[PDB]
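Report on one structure; see the data block that follows.
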Amino acid sequence: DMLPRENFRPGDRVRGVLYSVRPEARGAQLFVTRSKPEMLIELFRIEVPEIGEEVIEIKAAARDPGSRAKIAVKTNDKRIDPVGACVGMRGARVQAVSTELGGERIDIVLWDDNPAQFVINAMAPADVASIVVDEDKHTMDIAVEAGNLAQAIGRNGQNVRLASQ
Amino acid sequence: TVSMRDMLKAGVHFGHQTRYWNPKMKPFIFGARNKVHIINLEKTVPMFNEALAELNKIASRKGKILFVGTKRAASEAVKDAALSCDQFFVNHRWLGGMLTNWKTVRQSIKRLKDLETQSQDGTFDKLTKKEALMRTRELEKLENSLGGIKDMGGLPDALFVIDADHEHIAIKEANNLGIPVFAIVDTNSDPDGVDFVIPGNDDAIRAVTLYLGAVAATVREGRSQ
Amino acid sequence: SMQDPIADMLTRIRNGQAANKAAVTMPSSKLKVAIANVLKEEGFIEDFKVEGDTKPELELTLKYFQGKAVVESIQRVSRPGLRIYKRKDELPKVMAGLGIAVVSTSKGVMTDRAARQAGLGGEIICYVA
Amino acid sequence: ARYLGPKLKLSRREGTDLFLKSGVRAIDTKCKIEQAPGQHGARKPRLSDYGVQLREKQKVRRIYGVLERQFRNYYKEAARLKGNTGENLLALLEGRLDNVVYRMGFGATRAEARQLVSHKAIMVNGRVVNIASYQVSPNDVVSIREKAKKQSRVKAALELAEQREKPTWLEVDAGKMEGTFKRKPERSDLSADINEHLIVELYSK
Amino acid sequence: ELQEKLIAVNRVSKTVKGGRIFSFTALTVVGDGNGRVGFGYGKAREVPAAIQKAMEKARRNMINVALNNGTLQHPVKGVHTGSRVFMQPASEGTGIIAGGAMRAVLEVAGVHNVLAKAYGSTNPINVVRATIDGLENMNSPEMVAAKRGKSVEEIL
RNA sequence: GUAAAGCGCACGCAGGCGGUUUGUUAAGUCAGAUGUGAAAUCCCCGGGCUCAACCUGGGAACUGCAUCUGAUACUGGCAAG
């Protein structure tokens, strides 16, 4: 349930969503898993003041935990910077929120009315010349230059997986 | 979807007296019978249809609709409409800054919820009689005000309104935030704040009901889709 | 008394634009007609229509793009009180070229750019933006 | 006609390293480069709009070692000339003979270069030029004369330069001790930290 | 990414039975160095709080401005209350030639090159508003083309 | 309108401005040319004093005035409506 590389030590606090109490010998004990996207989602909910008041809505939160993450959010018709409000001063929300995950590489991303734009805005940070998504079998096909492709793919397809997810 | 004949039967075509009109409603007016303004059903119907379509579309993307009507004649009906399509509503007085000042009103909602829980799920009873009474009163107050919107969570993605002049505060709020507005707008009302104006009789009960029902149906359809 | 007809026409147009009037009618004159034509060419109005024999009425049909009016500004420059004549080098550029300046030249009334192209200046009637 | 005082003080005042000392020893070791000069150094309240501009102007002036009237004249010239004003000004500044020499690497500091120029060490197209403000043109070869070629300081300067990045707009020969001013530098070739625009604004009061 | 400049801060008083209650008004303006600008006017008993409020205000209700490269698209007048403002597009290198509150708004907006005079009143709050208005009204060539039913080459 | 500022109200000479159509004129207006608008100064590209100031070659400019030849939409004159 923990990170692969991030090793905890005593004196370090950890916040997580607990999900099970399995009855062991001589009574049960609490168990958590501080690696889900629920953890970063609630962390940004406790972080952003516009998240509670419905000025902006969190459309999708996608995380490869500890490694790399991309969440797409939009403003609920206020002409408001969702990345600027969910970022704080100089990243001072999300770079603090990444400290909740233990070093997450998180990207707040834009989203628009039509789903096509959302998918095109979920390919950041990478430009997209054209996108041919299949209307039948959910198989959006994005096409651009090699330079953007590398950034649109990432290490083990993180960006692709994130966007796809 | 909704026919012209039905509308006529309801009393949509009737408007307010000529001295109380707004000249911004001059396009939607047809004529004046017995010194009372008649709304043009030829211009109304298509607009209404369009509005309905829009609503349906909104529903389809899991949009939150808010039904506003604080006339007190059609308070019962609007609530019913809301509940049929399991959507939210404000059938009693609109709290000034319900949407613009959501974050404060979110606290109120929470409080109300807590009160409800105390009333129902706790089953504790054993409370000082005056205090208990006070609590009950508070609960009643909350229910009346924020009963429909308690499960709304955030802000709505569209706003259906039964009277534009009466609910101008709501409309204004929706404009400031940019929420789409779907107002029923009689001849006395102002259509400028409204996005999807519906020229029709706000006052008559049957007409109001008709307006509600179709909308509800469309929302349901959207949900189904 | 009525002293400047072109000016009056311009004013009328402006008022129409303000008040969201579809079409604006006025008593016709040749110069006025020419101006209207020019405007149409430059795309600030939809169409103009003169009608009548004894006392004909010019009717312009105003244009509205995305709610708001097309004729953002429209000022007389020459006026009976104080006439303005420009030489082809001194001809203005309204809104840094985005607007037009109606200028009456020896070869008829035309936009400023047109006049420049021709190689001639004249009486500057109005700026339109 | 020259600033003869403490050089590092100026740098401190500015905030940045102005390159007023050779660069053998790092500036942080020689002085408290972060702390401003004088009794009230540690205190640092945010400056005014005018003040920032003034500071910027000073920085540039300090860097090249140009007094105010001269600077003003240069600015005026730039304004007169076609193209971007600040850029033009920068180019003009660069064009100074002493500056060019420094760039080449015959002077450790700009001051040193200036001194050399003064003392009839440098030639421009085989003619001894003594003026530090002399605007060196494109394709104008500039060299150390045979008398001053034996000096140990010159070689040291060259060495220092070699450690320092080479400018693209020149071409210098260490053995021959002659450099060709190939072209007037582009803005991209110069340092990005200099806000020329502020300077321009200051004089456009 | 957003840059934010506190233009002015002013102490304002309210007389009460006891004496004078003082407070502070902060006028700020924020922009992304492109078209987007927004001013905010915040008020509080202490300065920093007021400033913060102003900033918050600014960050919502922004406005877009069509910018031809670093400068404006054509000379534009903007008025609001006493402050009437003229601003004129200018060649690369010239810098923001403008005074006070007006300058700040321009800078955030990401205009680099302007010639701008503030006639009339120079009351910061009004003048910034005026500037904003001017920016807002200013139409682009493309926009004008769209309006008029023409191509961009027809307009030049 | 309330900040300084609408004659107390009219008639009315001089003056200013003048609905609409056609014709004509070509005064205003515009175009081109010619003559002139001293040199220096200013500005542009150059050259010479080591650089600069300074000196200096050529240009541009001197927004005007006069005359000649056109243009005639607009303003004016004259003639008819």
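Just so it is clear, none of the values below were taken in a lab; they were calculated from the coordinates. In this analysis, Cβ positions are derived from the backbone assuming ideal geometry, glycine residues included, and neighbour counts consider all displayed protein chains.
Quote the FRET efficiency, to the nearest 0.05, computed for A:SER20 versus B:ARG106 with a Förster distance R0 of 25 Å and r equal to the Cβ-Cβ distance. Write down the numbers at each step before the final one.
Working: r = 31 Å, r/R0 = 1.23.
Result of the calculation: an efficiency of 0.20.
At each listed q (0.10, 0.26 Å⁻¹), what is the log10 of I(q)/I(0) that the Debye formula gives for segment D:118-205 modelled as equal alpha-carbon point scatterers?
-0.35, -1.36
So what are the three principal axis dimensions of segment A:66-114 from its Cα atoms, in whole Å, longest to shortest?
For segment A:66-114, the Cα extents along the three principal axes come out at 33, 24, 12 Å.
Kindly provide the helix-only [θ] at 222 nm of chain A, computed as the sum of -39,500 (n - 2.57) over DSSP H runs of four or more divided by all residues, to the nearest 500 deg cm²/dmol?
-8000 deg cm²/dmol
At q = 0.22, 0.23, 0.29, 0.31 Å⁻¹, work out log10 I(q)/I(0) for segment E:113-156 with the Debye formula, treating every Cα as an identical point scatterer and leaving solvent out; two decimals please.
For segment E:113-156 at q = 0.22, 0.23, 0.29, 0.31 Å⁻¹, log10 I(q)/I(0) is -0.76, -0.79, -0.99, -1.07.
Sort the following peptides by mean Cβ neighbour count (other Cβ atoms within 10 Å, averaged over residues), highest first: A:62-74, B:5-17, A:6-18. Walk me through the numbers before you get to the answer.
On the way: A:62-74: 21.0, B:5-17: 17.7, A:6-18: 9.4.
Highest to lowest by the protection proxy: A:62-74, B:5-17, A:6-18.
Shielding of B:171-180 by partners, i.e. mean partner chain Cβ atoms within 10 Å per residue?
Working: counts 0, 0, 0, 1, 1, 4, 8, 6, 3, 1.
Mean shielding count: 2.
Please say if segment D:1-74 is rounded, prolate or oblate, where rounded means a/c under 1.5 for a ≥ b ≥ c the square roots of the C-alpha gyration tensor eigenvalues, and otherwise the choice is prolate for a/b larger than b/c and oblate otherwise?
Since a/c reaches 1.5 but b/c is at least a/b, the shape of segment D:1-74 is classed as oblate.
GNM, chain D, Cα, under 10 Å: largest mean-square fluctuation among D:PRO167, D:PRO45, D:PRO185?
D:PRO45
Cα centroids of segment A:1-61 and segment B:46-113: how far apart, whole angstrom?
Cα centres, segment A:1-61 to segment B:46-113: 34 Å.
Hey, fewest Cβ within 10 Å first, where do A:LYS78, C:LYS49 land in order?
In order of increasing Cβ crowding within 10 Å: C:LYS49, A:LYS78.
Which residue fluctuates most in the GNM of chain D (Cα springs below 10 Å): D:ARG127, D:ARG164, D:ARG46?
Fluctuation is largest for D:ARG46.
Taking each residue of D:80-88 in turn, how many C-beta atoms of other protein chains fall within 10 Å of its C-beta, and what is the average?
That average works out to 2.
Who wins for biggest fluctuation among E:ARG103, E:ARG20, E:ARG84 in a Gaussian network model of chain E, springs between alpha carbons below 10 Å?
Per the Cα network of chain E with a 10 Å cutoff, E:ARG20 tops the list.
Using the Cα atoms of chain A, I'd like the radius of gyration and the largest Cα-Cα distance, Dmax, both in angstrom.
18.0, 62
Under a cut-off of 25 Å between alpha-carbon atoms, report the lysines in cross-link reach of E:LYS17, not counting same-chain residues fewer than 8 places apart.
Within reach: E:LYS43.
Calculate the length of the line joining the C-alpha centroid of segment D:147-205 to that of segment B:1-44, in whole Å.
That distance is 82 Å.
If you put +1 on each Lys and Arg Cβ and -1 on each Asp and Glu Cβ, how big is the dipole of the protein assembly as shown around its Cα centre, in Debye rounded to 20?
Value, rounded to 20: 4340 debye.
Tell me what chain C gives for mean residue ellipticity at 222 nm when only DSSP H runs of n ≥ 4 count, each as -39,500 (n - 2.57), the sum divided by the residue total, rounded to 500 deg cm²/dmol. Present the calculation step by step, with values, prior to reporting the outcome.
Working: 3 runs with 35 residues, N = 129.
That calculation yields -8500 deg cm²/dmol at 222 nm.
Cα convex hull of chain E: how many Å³ per residue?
Values: hull volume 19.2 nm³, N = 156.
Per residue, the Cα convex hull of chain E comes to 123 Å³.
Evaluate the relative contact order of chain D (contact order divided by residue number), counting alpha-carbon pairs under 8 angstrom at least 6 apart; express in whole percent.
Values: 280 pairs, mean separation 42.5, N = 205.
Relative CO of chain D lands at 21 percent.
May I have the extent of the alpha carbons of segment C:22-129 along their three principal axes, as whole Å values ordered from largest to smallest?
38, 38, 27
Counting just the Cα atoms, what span does segment E:64-148 cover along each of its three principal axes? Round to the nearest Å and put the largest first.
Rounded to whole Å, the extents work out to 36, 29, 18 Å.
Which of rounded, prolate or oblate describes segment C:74-128 when judged by the alpha-carbon gyration tensor and an a/c cut-off of 1.5?
Numbers: a/c = 1.70, a/b = 1.10, b/c = 1.54.
Because a/c hits 1.5 or more and a/b fails to exceed b/c, segment C:74-128 counts as oblate.
For the protein assembly as shown, what number results from the quotient of the Cα radius of gyration and 2.2 N^0.38 Å?
1.24
Return the subset of D:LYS21/D:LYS120; B:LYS113/E:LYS14; D:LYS59/D:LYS184; A:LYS59/E:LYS77; A:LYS78/D:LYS205 for which the Cα-Cα distance in this structure is over 30 Å, preserving the input order.
Violating the 30 Å limit, Cα to Cα: B:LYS113/E:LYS14; A:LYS59/E:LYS77; A:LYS78/D:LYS205.
Please arrange C:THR61, E:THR81, A:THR75 by counting, for each residue, the other beta carbons lying within 10 Å of its beta carbon, fewest first. All intermediate terms of the calculation are to be shown ahead of the outcome.
Details: C:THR61 17, E:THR81 13, A:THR75 22.
By the 10 Å Cβ count, ascending, the order reads E:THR81, C:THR61, A:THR75.
Taking the alpha-carbon distance from B:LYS130 and a cut-off under 18 Å, which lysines remain once sequence neighbours fewer than 8 residues away in the same chain are dropped?
Partners found: B:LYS141.
For the pair D:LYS176/C:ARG12, report the inter-label distance in nm, with labels modelled 7 Å from Cα in the Cβ direction.
8.2 nm
Quick one: of B:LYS57/B:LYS150; D:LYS9/D:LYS166; B:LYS79/B:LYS103; D:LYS9/D:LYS57, which pairs are farther than 18 Å apart, Cα to Cα?
Where the Cα-Cα span goes over 18 Å, the pairs concerned are B:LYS57/B:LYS150; D:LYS9/D:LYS166; B:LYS79/B:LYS103.
Roughly how many whole Å is it from the C-alpha centroid of segment D:105-141 to that of segment C:14-78?
A separation of 71 Å, based on Cα centres.
Setting aside same-chain residues fewer than 8 positions from C:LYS21, which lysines have a Cα under 20 Å from its Cα?
B:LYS24, B:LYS26, B:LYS43, C:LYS32, C:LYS40, C:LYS49, C:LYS63, C:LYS68, E:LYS147
Could you give me the percent of Cα pairs per 5 Å distance bin for chain B, shortest bin first, beginning at zero and ending with the bin that holds the maximum distance?
Percent of Cα pairs in each bin: 1, 7, 14, 17, 18, 14, 10, 7, 5, 3, 2, 1, 0, 0.
For all pairs of alpha-carbon atoms in segment E:1-75, what percent lies in each bin of width 10 Å, listed from the first bin to the last filled one?
Bins of 10 Å from zero give 20, 37, 24, 12, 5, 1 percent of pairs.
Could you line up B:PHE182, E:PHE24, A:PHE31 from fewest to most neighbouring Cβ atoms inside 10 Å?
A:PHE31, E:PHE24, B:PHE182
Calculate, in nm to one decimal, what B:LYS113 and B:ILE38 gain on full extension: separation in residues at 0.36 nm each, minus their alpha carbon distance.
In short, 22.5 nm is gained.
Alpha carbons only, please: Rg and Dmax for segment B:131-211, in angstrom.
15.7, 49
Shape call for chain D from the C-alpha gyration tensor, a ≥ b ≥ c root eigenvalues: rounded (a/c under 1.5), prolate (a/b greater than b/c) or oblate?
Oblate shape, in that a/c is at least 1.5 and b/c is the bigger or equal ratio.
Kindly work out what percent of the DSSP beta bridges joining two residues of the protein assembly as shown are antiparallel, to the nearest 5.
85 percent
Can you give the FRET efficiency to the nearest 0.05 for C:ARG116 and E:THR122, using r as the Cβ-Cβ distance and R₀ = 30 Å? Can you show the working numbers first?
Details: r = 38 Å, r/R0 = 1.28.
Between C:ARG116 and E:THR122 the formula returns 0.20.
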